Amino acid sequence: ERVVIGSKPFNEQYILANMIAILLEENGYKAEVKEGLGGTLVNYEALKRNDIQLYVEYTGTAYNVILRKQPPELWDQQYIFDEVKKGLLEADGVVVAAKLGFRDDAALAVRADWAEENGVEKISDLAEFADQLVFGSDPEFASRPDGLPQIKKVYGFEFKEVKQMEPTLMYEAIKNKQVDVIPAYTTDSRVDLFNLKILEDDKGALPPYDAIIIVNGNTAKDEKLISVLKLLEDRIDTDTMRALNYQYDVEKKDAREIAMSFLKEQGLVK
């Protein structure tokens, strides 16, 4: 039959929606992609209605926006994954078909050369350096329920100073060494373009956003289709997703051709 695939309006989603479409067509299905159908709830309600049969959601996003659940004291990856799986199934019969293998998290980033020289890889590594470092911030990060005050509480440090600025000036500020630490999304191509290092939230101050393929109840009962989606299980790590986003954002490549190239390299199409 025909499988309709939703997506949210940004790079990663255009690439992943097309990837699933191509893979399904390779395995005998007819697939349609609705590129930038809408945001989280446009897609989720479309999924419940069976106007679409699947899309790529994120665990923390499902936890907060869809299920409207209470933040835990500390964010644990699998706790949130299991709560989302149970929650979507009980409420709507929606099934988690696959974990893709990457998280698209709000995180902290620093310059990569400095991180290398000092062996900084996690937020807890910043402890001894914190009171010497300048933190760059925007309205988007400051408005978050989990932010700098939660980082202080969990990690036990505060930065030298906080410089507020427009979100479009953040990477320039860290590149020009006006600030030393910025909020950045883990799969954002600019992390690589500005030679930054993303840090592990090793203590769980911030929410996890594991990328998952979710399917409606009726589509979940198609054993062949599920098997095909399972070929993407742990297929794409955060480094890999970011480099795919780089092809879109920096190299200006078409999202579908980015997906096609990946699938061919992985031997899943041809």
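One rule holds for the numbers: they count along the sequence shown, beginning at 1.
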Original post:
185-193 versus 101-109: which one carries the higher mean Cα B factor per the record?
Top reply: 185-193
**OP:** With reference to the PDB entry, specify whether the mean Cα temperature factor is higher for 164-172 or for 76-84.
**Re:** 164-172
Subject >> Top Cα B factor in the deposited entry, candidates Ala142, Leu199, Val96, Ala91 >> reply: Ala142
Original post:
Of the three thirds of its chain by CA temperature factor, lowest, middle or highest, which one includes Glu25?
Top reply: middle
Subject >> Chain third (lowest, middle, highest) by recorded CA B-factor, residue given as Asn216 >> reply: middle
**OP:** Going by the recorded CA B-factors, say which third of the chain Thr40 sits in, lowest, middle or highest.
**Re:** lowest
**OP:** Give the position of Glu251 by CA B-factor within its chain, expressed as the lowest, middle or highest third.
**Re:** highest
Original post:
Sorting the chain's CA B-factors, does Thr238 end up in the lowest, middle or highest third?
Top reply: middle
